[PDB]
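K.L.:
Can you keep this structure in mind? I'll have questions shortly.
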Amino acid sequence: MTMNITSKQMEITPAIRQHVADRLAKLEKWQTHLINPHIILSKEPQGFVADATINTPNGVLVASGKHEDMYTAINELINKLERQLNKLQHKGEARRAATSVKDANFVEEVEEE
């Protein structure tokens, strides 16, 4: 977690910086790894543009949170990211029961359908 914050025209204010910082801090222990967390917080006419692009070992967790309230953008941002994170982490549901139980979580990608 290098914590990369690069905004467009709307620099990082003391209030906002502390906001995202606290969020990224706790989120640093999420079931991911967050290596290259690119947090881009810009100000748009019709709402704030919270573009948080995190580089996860599985891909990239892009947290998009648009809202007139800067603090609302930070919150809503971590919300969408969390949900998207849980999904990417979802990997617990093997065909149990029957005689096909004696098989650990081996190959679950590209089965049939």
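The way I read the labels, and the way they are meant: chains A, B, ... in the order of the structure tokens, residue 1 as the first residue of every chain, and ligand 1 as the first ligand shown, with later ones counted on from there.
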For residue 38 (chain A), find every residue with an atom within 9 Å (counting only C-alpha atoms), except residues of its own chain fewer than 4 positions away, and show them as a list in words.
P.N.:
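The residues that qualify are residues 2, 3, 4, 5, 6, 51, 52, 53, 54 and 55 of chain A.
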K.L.:
Write the selection just made, keeping C-alpha atoms, as an mmCIF file, in the first residue's frame?
P.N.:
```
data_model
loop_
_atom_site.group_PDB
_atom_site.id
_atom_site.type_symbol
_atom_site.label_atom_id
_atom_site.label_comp_id
_atom_site.auth_asym_id
_atom_site.auth_seq_id
_atom_site.Cartn_x
_atom_site.Cartn_y
_atom_site.Cartn_z
ATOM 1 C CA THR A 2 2.017 2.937 -1.333
ATOM 2 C CA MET A 3 -1.035 5.198 -0.996
ATOM 3 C CA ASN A 4 -1.007 7.135 -4.269
ATOM 4 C CA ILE A 5 -3.310 10.162 -4.197
ATOM 5 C CA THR A 6 -3.353 12.186 -7.417
ATOM 6 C CA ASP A 51 -11.958 7.613 -8.616
ATOM 7 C CA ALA A 52 -10.104 5.117 -6.428
ATOM 8 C CA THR A 53 -8.132 2.666 -8.562
ATOM 9 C CA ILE A 54 -6.483 0.034 -6.373
ATOM 10 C CA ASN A 55 -4.141 -2.610 -7.772
#
```
K.L.:
Would you pick out the contacts of residue 90 (chain A) at 12 Å or less, using only C-alpha atoms, so that residues sharing its chain but fewer than 3 positions from it are not included, and give the list as a list in words?
P.N.:
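Once the nearby chain positions are removed, what remains is residues 31, 32, 58, 83, 84, 85, 86, 87, 93, 94 and 108 of chain A.
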K.L.:
What is the distance, in Å and to one decimal place, between CA of residue 69 (chain A) and CA of residue 7 (chain A)?
P.N.:
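These atoms are spaced 16.1 Å apart.
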K.L.:
DSSP on the backbone, then: every residue of region 2-54 of chain A marked strand (DSSP E or B), written as a PyMOL selection string.
P.N.:
chain A and resi 4-5+36-44+47-54
K.L.:
Write the residues you've just listed into a file as a CSV table (one decimal), in the first residue's frame, and include N, CA and C atoms for each of them.
P.N.:
```
chain,number,residue,atom,x,y,z
A,4,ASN,N,-1.2,6.1,-3.2
A,4,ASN,CA,-1.0,7.1,-4.3
A,4,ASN,C,-2.3,8.0,-4.5
A,5,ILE,N,-2.2,9.2,-4.1
A,5,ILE,CA,-3.3,10.2,-4.2
A,5,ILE,C,-3.0,11.3,-5.2
A,36,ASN,N,-0.8,-1.1,-5.2
A,36,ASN,CA,-0.8,0.3,-5.8
A,36,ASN,C,-2.1,1.0,-5.7
A,37,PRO,N,-2.5,1.5,-4.6
A,37,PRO,CA,-3.8,2.2,-4.4
A,37,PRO,C,-3.8,3.6,-4.9
A,38,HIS,N,-4.3,3.8,-6.1
A,38,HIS,CA,-4.4,5.1,-6.8
A,38,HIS,C,-5.7,5.8,-6.5
A,39,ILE,N,-5.7,6.7,-5.6
A,39,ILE,CA,-6.9,7.5,-5.2
A,39,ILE,C,-6.9,8.8,-5.9
A,40,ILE,N,-7.9,9.0,-6.8
A,40,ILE,CA,-8.0,10.2,-7.6
A,40,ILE,C,-9.3,10.9,-7.2
A,41,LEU,N,-9.3,11.9,-6.4
A,41,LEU,CA,-10.4,12.7,-6.0
A,41,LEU,C,-10.5,14.0,-6.7
A,42,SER,N,-11.4,14.2,-7.6
A,42,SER,CA,-11.6,15.4,-8.4
A,42,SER,C,-13.0,16.0,-8.1
A,43,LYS,N,-13.1,17.3,-8.4
A,43,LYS,CA,-14.3,18.0,-8.2
A,43,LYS,C,-15.0,18.3,-9.5
A,44,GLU,N,-16.2,17.7,-9.7
A,44,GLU,CA,-17.0,17.9,-10.9
A,44,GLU,C,-18.2,18.8,-10.7
A,47,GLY,N,-21.2,17.3,-9.0
A,47,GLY,CA,-20.8,16.3,-8.0
A,47,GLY,C,-19.3,16.0,-8.0
A,48,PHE,N,-18.8,15.5,-6.9
A,48,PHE,CA,-17.4,15.1,-6.7
A,48,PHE,C,-17.2,13.8,-7.5
A,49,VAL,N,-16.0,13.7,-8.0
A,49,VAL,CA,-15.6,12.5,-8.7
A,49,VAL,C,-14.5,11.7,-7.9
A,50,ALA,N,-14.9,10.7,-7.2
A,50,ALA,CA,-14.0,9.9,-6.4
A,50,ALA,C,-13.6,8.6,-7.2
A,51,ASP,N,-12.5,8.7,-7.8
A,51,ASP,CA,-12.0,7.6,-8.6
A,51,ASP,C,-10.8,6.9,-7.9
A,52,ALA,N,-11.1,5.9,-7.2
A,52,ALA,CA,-10.1,5.1,-6.4
A,52,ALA,C,-9.7,3.8,-7.2
A,53,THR,N,-8.6,3.8,-7.8
A,53,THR,CA,-8.1,2.7,-8.6
A,53,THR,C,-7.0,1.9,-7.8
A,54,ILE,N,-7.4,0.8,-7.1
A,54,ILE,CA,-6.5,0.0,-6.4
A,54,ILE,C,-6.0,-1.2,-7.2
```
K.L.:
Using only C-alpha atoms, can you tell me which of A:95, A:29, A:34, A:21 comes closest to residue 74 (chain A)?
P.N.:
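Looking only at the distances to residue 74 (chain A), the closest residue turns out to be A:21.
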K.L.:
Work out how far apart CA of residue 26 (chain A) and CA of residue 78 (chain A) are and give it in Å to one decimal.
P.N.:
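CA of residue 78 (chain A) lies 11.1 Å from CA of residue 26 (chain A).
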